[PDB]
There are 2 protein chains.
Amino acid sequence: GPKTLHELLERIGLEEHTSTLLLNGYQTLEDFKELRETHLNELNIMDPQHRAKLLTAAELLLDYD
Amino acid sequence: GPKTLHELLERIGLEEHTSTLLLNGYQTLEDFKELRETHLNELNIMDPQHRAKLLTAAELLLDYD
């Protein structure tokens with residue numbers, strides 16, 4: 001599957017948040033596995049669609065590595 | 001990661017759609033990889049949140065097997 005945070009984001013079409021995530025501790029897929037909702041609140045990532053895609057991706061990333 | 005369609009759905013919290021999906025050709029994770037939006041339209045799965053979770057999961061399932 002996608003090998004970089006950027007590649008992951010591109011795949012679910014949310015590369016617009018790449019620069020946000022990396023400036024606040026989300027640089028690798030390994031970091032991205034640790035994402036949860038209140039961080040999205042803090043990052044002002046408030047679109048419920050974006051948020052559902054992001055958290056679903058993180059959960060499945062943790063599950064299937 | 002989750003090994004059954006039902007386990008996957010449970011994980012992203014959408015087990016309510018299990019019975020829908022299986023009655024229309026989505027019985028395994030292998031089948032679920034083939035999901036796309038217009039099938040959700042046909043299955044009257046119209047919540048945009050549910051739909052984003054479902055399709056994100058399917059895309060990532062295809063990508064990381």
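The chains referred to below are lettered A, B, ... by the order of the sequence lines, with proteins before strands, and numbering in each begins at 1.
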> Would you say B:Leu40 and B:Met46 make side-chain contact, with heavy atoms under 4.5 Å?
Replying inline: no
> Honestly curious: do B:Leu54 and B:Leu8 fall in one hydrophobic cluster under the side-chain, below-4.5 Å linking rule?
Replying inline: yes
>> Quick check for you: to the nearest 0.5 Å, what is the distance between B:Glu16 atom CD and B:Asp47 atom CG?
In response: 8.0 Å
>> Is there a side chain to side chain contact (heavy atoms under 4.5 Å, CB included) between A:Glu59 and A:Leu35? Walk through the geometry before answering.
In response: CA-CA 8 Å; A:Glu59 294 158 21; A:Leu35 188 75; over 6 Å; no
> Any sub-3.5 Å donor-acceptor pair from A:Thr56's side-chain atoms to A:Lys53's backbone N or O?
Replying inline: no
>> Looking at every non-hydrogen atom in both residues, tell me the closest pair between A:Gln27 and A:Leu22 and how far apart they are.
In response: CG-O, 4.0 Å
> So how far is it from B:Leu43 CG to B:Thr20 OG1, rounded to the nearest 0.5 Å?
Replying inline: 6.0 Å
>> Under the ring pair (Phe, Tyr, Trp, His ring centres under 6.0 Å) definition, can you give me all pairs with a residue in residues 7-60 of chain B, not counting sequence neighbours?
In response: B:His17-B:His50
> Is the closest side-chain donor-acceptor distance between A:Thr28 and A:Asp31 under 3.5 Å?
Replying inline: yes
> With distance as the sole test, does A:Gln49 use its side chain to make a donor-acceptor pair with the main-chain N or O of B:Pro48 at under 3.5 Å?
Replying inline: yes
>> Could you report the tightest heavy-atom contact between A:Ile12 and A:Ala57, atom names first, then the distance?
In response: CD1-CB, 4.2 Å
> Which pair of non-hydrogen atoms, one from B:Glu15 and one from B:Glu10, has the smallest distance, and what is that distance?
Replying inline: OE1-CA, 3.1 Å
>> Nearest 0.5 angstrom please: B:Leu9 CG to B:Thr18 OG1, how far?
In response: 4.0 Å
> Closest approach of B:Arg51 and B:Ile45, non-hydrogen atoms and distance?
Replying inline: NH1-O, 3.0 Å
>> Could you go through B:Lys33 and B:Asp65, starting from their C-alpha distance and side-chain angles, then the distance that decides it, and tell me whether this counts as side chain to side chain contact (heavy atoms under 4.5 Å, CB included)?
In response: CA-CA 9 Å; B:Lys33 298 183 191 175; B:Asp65 268 10; 3.4 Å; yes
> Hey, mind stepping through B:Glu42 and B:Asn24 against side chain to side chain contact (heavy atoms under 4.5 Å, CB included) and telling me if it holds?
Replying inline: CA-CA 10 Å; B:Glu42 294 187 327; B:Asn24 322 272; over 6 Å; no
>> Is there a side chain to side chain contact (heavy atoms under 4.5 Å, CB included) between B:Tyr64 and A:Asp63? Walk through the geometry before answering.
In response: CA-CA 11 Å; B:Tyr64 310 87; A:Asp63 286 358; over 6 Å; no
>> If I take atom CG from residue A:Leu62 and atom CD from residue A:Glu30, how far apart are they, to the nearest 0.5 angstrom?
In response: 8.5 Å
> Distance-only, no hydrogens or angles: does the B:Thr4 side chain make a donor-acceptor pair with backbone N or O of B:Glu7 under 3.5 Å?
Replying inline: yes
> Honestly curious: do B:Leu5 and B:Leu14 fall in one hydrophobic cluster under the side-chain, below-4.5 Å linking rule?
Replying inline: yes
